[PDB]
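Here is the structure we will look at, set down as structure tokens.
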Amino acid sequence: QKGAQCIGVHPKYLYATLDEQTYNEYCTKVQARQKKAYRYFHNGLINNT
Amino acid sequence: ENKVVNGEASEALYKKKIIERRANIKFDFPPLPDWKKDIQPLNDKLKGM
Amino acid sequence: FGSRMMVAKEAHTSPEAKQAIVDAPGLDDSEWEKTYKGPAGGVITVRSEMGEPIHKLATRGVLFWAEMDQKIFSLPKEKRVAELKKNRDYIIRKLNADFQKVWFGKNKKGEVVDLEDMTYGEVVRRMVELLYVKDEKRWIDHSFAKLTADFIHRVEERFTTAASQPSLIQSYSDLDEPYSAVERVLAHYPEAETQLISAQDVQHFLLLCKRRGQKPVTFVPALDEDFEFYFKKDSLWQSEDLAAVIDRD
Amino acid sequence: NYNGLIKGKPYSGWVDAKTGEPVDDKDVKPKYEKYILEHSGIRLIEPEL
Amino acid sequence: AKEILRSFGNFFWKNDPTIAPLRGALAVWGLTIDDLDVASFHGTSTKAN
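Protein chains in written order, with the deposited numbering: chain A, 1621 to 1669; chain B, 934 to 982; chain C, 813 to 1061; chain D, 1032 to 1080; chain E, 1474 to 1522.
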């Protein structure tokens, strides 16, 4: 008799709570991190690690 | 006839090279919404809330 | 007579290299052995690619070569890669400042990076930059045009998605204006400007670079087991073709 | 992936996991998609698993 | 400043008998029950469920 429920909302609604500068700084970080991630991912994949 | 007169070797110039589609995996983090088109119309109501 | 003839008018030694020979004081009969211990009379002995002693002018590059012979190439092969990694920043700085073979890895900002930290567009541009004499409008060697072409095709493969598409590069002499052709092709695959090279392509690129018959590359691509090959191989022609040397130094 | 000598020749790229013959991306889907579809998803119980 | 944001921004409807939690949660973002577009169902292919 365990009912469970959850509600998700689109990320734009969170970004709409920041100022433009804070948003753009976050953009910067996620972009830099993305490059690093893509790189690491290939390396681990090719080497089964 | 066009083969014979030119001889065989020439034909490499017209038997065109074609690109094999090597794969392209990407760590596609979610696309950052445009500040102006997406964020700003919601920002006036949601900023600081 | 051999060494005395390098300053002859009809010898293909570059004018600046001839000047450097004239600027070298030389040594007397009782002093030539000093070259084995360090620079003497403007000359120093180093270990060639064949393992034998070789007298060279004590240029900044040859002094760095002597340093590498003492610090890296004296070590057993299994320890070389670890010591190279430990001295990476020092070695790259010296390659770029003092040696005829510069470090390959360089991003759009001009920062020193590893090959895997480079985008496809950066790789292609850096190839043209180091393999083509811009002022003389020539490739250093014909095989370098071919090498640049082969890697360009790899870009086509990595970024084309429509099936059965013809290569833009149906022929190789196309790259005899390499700066315009490269821009014209990077303009078609704009993602090459942003995506980093995937490491299989890195390895592939290295295999292309180590292909036979083709001239060895004019730069150091990686600090790995083949560093002695990248460093020492085919290292004398640069004294005759100074236009092909970075900064004509 | 493989990266080194095959049959004394250098090769780097994909190879078949059993034979070690080189394989191109374009050929993966035609060569194996049928097996992938037969051995993934909802299917008859495979006792080896 | 944070307790004010928690009181009015995030949790204003918690412990209120005149706001339904699903409503309140959407209202944080300026959304209403009309803005719930998708529902992923437990969907067990059983007749009763």
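In this text, a Cβ means the ideal position worked out from N, Cα and C, and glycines have one as well.
Please list, in chain order, the chain A residues whose beta carbon lies closer than 8 Å to that of residue i.
i              : result
residue 1556/E : Residue coverage of chain E in this structure runs from 1474 to 1522, which leaves residue 1556/E outside it and unanswerable.
In whole angstroms, what is the alpha-carbon distance linking residue i and residue j?
i              : j              : result
residue 876/C  : residue 884/C  : 11 Å
residue 889/C  : residue 991/C  : 39 Å
residue 945/B  : residue 938/B  : 15 Å
residue 1636/A : residue 977/B  : 8 Å
residue 1634/A : residue 1513/E : 22 Å
residue 818/C  : residue 1024/C : 31 Å
residue 1033/D : residue 934/B  : 46 Å
residue 969/C  : residue 1656/A : 23 Å
residue 1053/C : residue 950/C  : 12 Å
residue 1065/D : residue 1047/C : 54 Å
residue 974/C  : residue 1668/A : 30 Å
residue 1485/E : residue 964/B  : 31 Å
residue 900/C  : residue 1650/A : 29 Å
residue 1631/A : residue 968/B  : 13 Å
residue 814/C  : residue 870/C  : 18 Å
residue 1522/E : residue 1045/D : 47 Å
residue 1018/C : residue 1646/A : 36 Å
residue 1519/E : residue 1069/D : 26 Å
residue 891/C  : residue 1478/E : 60 Å
residue 959/C  : residue 944/C  : 12 Å
residue 962/C  : residue 1020/C : 8 Å
Give the DSSP bridge partners of residue i, in chain order.
i              : result
residue 1049/C : None; residue 1049/C has no bridge partner.
residue 931/C  : 1008/C
residue 1030/C : DSSP lists no partner for residue 1030/C.
residue 1067/D : Partner(s): none; residue 1067/D has no beta bridge.
residue 1036/D : 1041/D
residue 877/C  : Paired residue(s): none; residue 877/C is not in a bridge.
residue 866/C  : 858/C
residue 990/C  : Bridge partners of residue 990/C: none, in fact.
residue 852/C  : 855/C
Going along chain C in order, which residues have a C-beta closer than 7 Å to the C-beta of residue i?
i              : result
residue 1663/A : 1011
residue 1655/A : 1008
Taking C-beta pairs closer than 7 Å, name the residues in chain B that residue i reaches, listed in chain order.
i              : result
residue 1640/A : 968
residue 975/C  : 954
residue 970/C  : 955, 957
residue 982/C  : 949, 950
residue 1626/A : Here the premise fails: no neighbours, minimum Cβ distance about 19 Å.
Excluding five sequence neighbours on each side, which residues of the same chain lie with their C-beta closer than 6 Å to the C-beta of residue i?
i              : result
residue 1027/C : 953, 955
residue 1050/C : 912, 1057
residue 914/C  : 907, 908, 1031, 1058
residue 846/C  : 852
residue 942/C  : 1030, 1031
residue 865/C  : 857
In chain A, which residues lie less than 7 Å from residue i when you measure between Cβ atoms?
i              : result
residue 1502/E : 1629, 1633
residue 1521/E : The premise fails here: residue 1521/E is roughly 14 Å from chain A at the closest Cβ pair, so nothing lies under 7 Å.
residue 963/B  : 1631
Excluding five sequence neighbours on each side, which residues of the same chain lie with their C-beta closer than 8 Å to the C-beta of residue i?
i              : result
residue 930/C  : 917, 918, 919, 938, 1008, 1009
residue 1051/D : 1033, 1037
residue 1067/D : none
residue 825/C  : 818, 819, 833, 1051, 1052
residue 1482/E : 1501
Closer than 7 Å by C-beta to residue i: which residues in its own chain qualify, once you throw out the five before and the five after it? Chain order, please.
i             : result
residue 964/C : 936, 981, 997
residue 926/C : 917
residue 911/C : 873, 876
Residue i touches chain B at which residues, Cβ-Cβ below 9 Å?
i             : result
residue 979/C : 949, 950, 951, 952
Can you pull the chain A residues whose beta carbon is under 9 Å from the beta carbon of residue i, in chain order?
i             : result
residue 928/C : 1659, 1662, 1663
residue 980/B : 1636, 1637, 1638, 1639
Could you work out which residue in the options is closest to residue i when comparing CA atoms only?
i              : options                        : result
residue 837/C  : 825/C, 853/C, 845/C            : 853/C
residue 1014/C : 932/C, 902/C, 905/C, 820/C     : 932/C
residue 1038/C : 1022/C, 987/C, 1030/C          : 1022/C
residue 1006/C : 958/C, 862/C, 971/C            : 971/C
residue 967/C  : 1012/C, 857/C, 823/C, 879/C    : 1012/C
residue 863/C  : 1055/C, 1044/C, 1060/C, 1061/C : 1044/C
residue 949/B  : 978/C, 958/C, 821/C            : 978/C
residue 1040/D : 1049/D, 1072/D, 1053/D         : 1053/D
residue 958/B  : 1003/C, 1042/C, 1055/C         : 1003/C
residue 839/C  : 1040/C, 828/C, 867/C           : 867/C
residue 972/B  : 1638/A, 1625/A, 1648/A, 1662/A : 1638/A
Below 7 Å on C-beta distance, what does residue i contact in chain D?
i              : result
residue 956/B  : 1056
residue 1015/C : 1034, 1043
Name the chain C residues whose beta carbon is nearer than 8 Å to that of residue i?
i              : result
residue 1041/D : 1019, 1022
For a contact defined as C-beta to C-beta under 8 Å, what are the partners of residue i on chain D?
i              : result
residue 1026/C : Per Cβ cutoff of 8 Å: no residues; residue 1026/C is ~13 Å from chain D at best.
Along chain B, which residues have their Cβ under 8 Å away from the Cβ of residue i?
i              : result
residue 1516/E : Near residue 1516/E there are no residues of chain B at all, since even the closest Cβ is about 26 Å away, more than 8 Å.
residue 1497/E : Those do not exist, as residue 1497/E stays about 14 Å from chain B at its closest Cβ, beyond 8 Å.
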